[PDB]
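As a convention, Cβ positions derive from the backbone with ideal geometry for all residues, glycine included, and neighbour counts pool all protein chains shown. None of the figures in this text is laboratory data; all of them are computed from the coordinates on show.
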RNA sequence: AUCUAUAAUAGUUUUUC
RNA sequence: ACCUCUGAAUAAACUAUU
RNA sequence: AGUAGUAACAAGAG
Ligand SMILES: *O[C@H]1[C@@H](O)[C@H](n2cnc3c(N)ncnc32)O[C@@H]1COP(=O)(O)OP(=O)(O)OP(=O)(O)OC[C@H]1O[C@@H](n2c[n+](C)c3c(=O)[nH]c(N)nc32)[C@H](O)[C@@H]1O
Ligand SMILES: [Mg+2]
């Protein structure tokens, strides 16, 4: 099996949800430092390139 | 003085002062990797492109004084153009090959010392011995092997700390060498490298080459030691084996490990023969371990192991009925055991199978720093009497005894992420994992073991969970104290009895683990695979049946009894579980007899698949079998009686029989093959007639066929998702 | 003051100077009310709190 | 019996209408 | 127009080597 | 023209 457009269909919000479930009962700082990456990825911008 | 003057010079310049002040030591690495950007994307193309240039090579500015601008033919050797981002100049490869013929000459006498590992490789190849090349059915297995042996009792981090201590004493930081191995190696290398005239960085790299272990997964056959891995391309192939022995000096621990592996294989194979003793002797005389005869090694090796001691006893040598467990030499003074696999639930919620030794037994434990007397029952420690040296020695002895006792408390004391499979999902030894886990931190084990008041007998002290010598209560059944080969006779069935007459060893006591040898084990006989691993044994057994199919078929048709008694099937029979050997043999023999009496139902592939299972003494039962198990690396791999299987799959398109993924050869169609879809060697007392027939009601299972009677046709879900019509003769 | 084996390495003049500097710092901190909070926080000092 | 050193370099793998 | 410069470095994991 | 293929090269910059 292959998956069609895995990275164009997966969402950073779902990765944030996964990280939130994984880091239950953990110190707050650890949860924050892990959560920053999905948050920044759900607000990401893409350079268009050369033109 | 020169250093401080240069630093003062750099602090006087404005930009260098800014760099030196604003850059911390942590950011020194960042500025050290700082670059304008080396636009290298296709280095092969870039090198091919640059070698067409006039000056593709950089060199220090001293080349303008060490090498002339032009040679005899006037060809230019260097130019004054500087390299980008540096003061190095641009030179031609002609400059390098001019240096190699006209440059100043220095003394290269320390090079063999600095690069001792590579010249050691050269010496090992130079003095190596080549044997014959044997074309065989190679079965390589992906395993972790060491490519750089380093030092035995060291890890990469410990080796690095030792190297830092030896070479850079004032840069070690907070590390203190704790292991006695580290202290010994540190003293040895400090003395050896005393007054050394090599650059400290080069010395550190030498010590890295000498002391740092490196292991990798490779598809390996033969020995897994470094001296054999470095020539693995030379010695092992897909269809051939090149006999070869490295010319250096062989480590003795490798010899011990390989001897244990060979002895276990030989004993296990011999247990299934008609005369185990003669088979064991003729196998030990035909076995070589790293270019050395096995009998000589047995005569000059003090290894405490059950199979090794059985091999020694078979040759009239004196044995020490001992074994090793967790760094201690155990010896059973009195008692007996029978192994039994029991599934247990670990403290960290892991399910695993542990070989449990039944019966009451007594032992003595001997270690390099501690000694103990142990009495135990089935998964229960009766008492332990340790007489170690210091606190840590007694702690280690107590931990080893607790793990050996197989106490359910010890199992439930497991915490953390303790894995019982390899990083490649290879099953590990549970006892070894428990030892390694509790030798890191045993506070929970001691806490959950319990406590017990002591009666002050003989002044033997008690011990508390935090390792203190109490006099009132101690660990449950644990007491603290203060501080030989025997002639044996071995039976026909490898039963070793002392001079008095008591049993000391037996084949059942031999470990069932199937390990691999550090040094290549060469076996010289008709079957070079007779003491090989289970995969090679299976593949070579079925290939032997395929190659000899003509006379094997004739014998099966005429005199099956002699066919079942071939010595070639015995390595196979060493893989069948002991309790099921007779049942499988009887079932397969009944299948064969029905196959003979029902003409036209002659399935060649069925006979080939089921023949090796008929080599055991038959036991007659009415149990039906849809699959027969074979032990391969600890997991029972089933061979399905009807249809293909992971172990045994026959491809009708290619007529090629593949076993465990290894080609075993191509069959040829017999004239008496049944081209009618009629099967007689699938059910013990039922003959398959055809496909689904709805007239006879619903389909039932193979395990419920006893109620059927003569001629009662029925539909059975025999095989992988198939329903067929069967009838009873 | 205390020391191992009652061994005071320096002479009593320098030790008294250290004592008077510590007394001066305590007086200055008590002049602002910070001394009580300073005293109560000593137990929770050598435990890094990741934030 | 266990067995992810650190770092550097190169190579390999990882597609909608 | 002469002249002068220049011939082009994704991510992650892994493997090999040091 | 040609290479080439979803966008370029068929010199660029000072
Ligand atoms: O590398 C493997 C092997 O070659 C190596 N080894 C074995 N012997 C030596 C010596 N003598 N020197 C150096 N190296 C040696 O150790 C490795 C063993 O691996 P593996 O074969 O997987 O383990 P093994 O099957 O030997 O089981 P193990 O856990 O190590 O136990 C060894 C021995 O102890 C017996 N035993 C355990 N218990 C709990 C027993 C018991 O309650 N009662 C009795 N009678 N015996 C018990 C095991 O069955 C083995 O006999
Ligand atoms: Mg795929």
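Roughly how many nanometres apart are two label points built 7 Å out from the Cα toward the Cβ at residue B:240 and residue B:30?
That separation, rounded to one decimal, is 5.7 nm.
When a/c is below 1.5 the answer is rounded, else prolate if a/b is larger than b/c, else oblate, so apply that to region B:582-680 with a ≥ b ≥ c taken from the square roots of the Cα gyration tensor eigenvalues.
Oblate shape, in that a/c is at least 1.5 and b/c is the bigger or equal ratio.
Give the Cα extents of chain A along the principal axes, in whole Å, largest first.
Principal-axis extents of the Cα atoms in chain A, largest first: 46, 33, 11 Å.
Where the centroid of each part is defined by its Cα atoms, how far is region B:115-141 from region B:1-60 in Å?
Here the answer is 43 Å between Cα centres.
Using the eigenvalues of the Cα gyration tensor, what equivalent ellipsoid semi-axes result for the protein assembly as shown when each is taken as the square root of five times the eigenvalue, whole Å, largest first?
61, 43, 34
Multiply the residue separation of residue B:443 and residue B:101 by 0.36 nm, subtract the distance between their alpha-carbon atoms, and state the gained length in nm to one decimal.
116.3 nm
Take every DSSP beta bridge whose two residues both sit in chain B, then give the antiparallel share in percent to the nearest 5.
Values: 86 of 91 bridges.
Expressed as a percentage, antiparallel bridges in chain B total about 95.
Taking the Cα atoms only, what angle lies between the long axis of helix A:28-42 and the longest principal axis of chain A, rounded to 10 degrees?
In chain A, helix A:28-42 runs at an angle near 20 degrees to the longest axis.
For chain B, what ratio Rg/Rh do Cα atoms give with a Kirkwood hydrodynamic radius?
Radius of gyration relative to Kirkwood radius: 1.07.
For the pair residue B:184/residue B:619, report the inter-label distance in nm, with labels modelled 7 Å from Cα in the Cβ direction.
In this crude label model, residue B:184 to residue B:619 measures out at 5.0 nm.
Hey, rough spin-label estimate for residue C:45 and residue B:666, points 7 angstrom out along Cα→Cβ, what's it come to in nanometres?
8.6 nm
Can you give me the three principal axis dimensions of region B:425-536 from its C-alpha atoms, in Å, biggest first?
Cα extents, longest axis first: 67, 47, 22 Å.
Applying a 10 Å radius around every beta-carbon, put B:531-544, B:360-373 in order of their mean neighbour count, most first. Intermediate values should be presented prior to the final figure.
Working: B:531-544: 23.1, B:360-373: 18.1.
Descending packing order for the listed peptides: B:531-544, B:360-373.
Distance between the C-alpha centers of region B:634-690 and region B:198-247? Whole Å please.
Measuring centre to centre over Cα atoms gives 42 Å.
How big is the gap, in Å, between the Cα center of chain A and the Cα center of region B:143-160?
39 Å
From the C-alpha coordinates alone, can you work out the Kirkwood hydrodynamic radius of region B:241-356, in Å?
Over region B:241-356, the inverse of the mean reciprocal pair distance is 16.5 Å.
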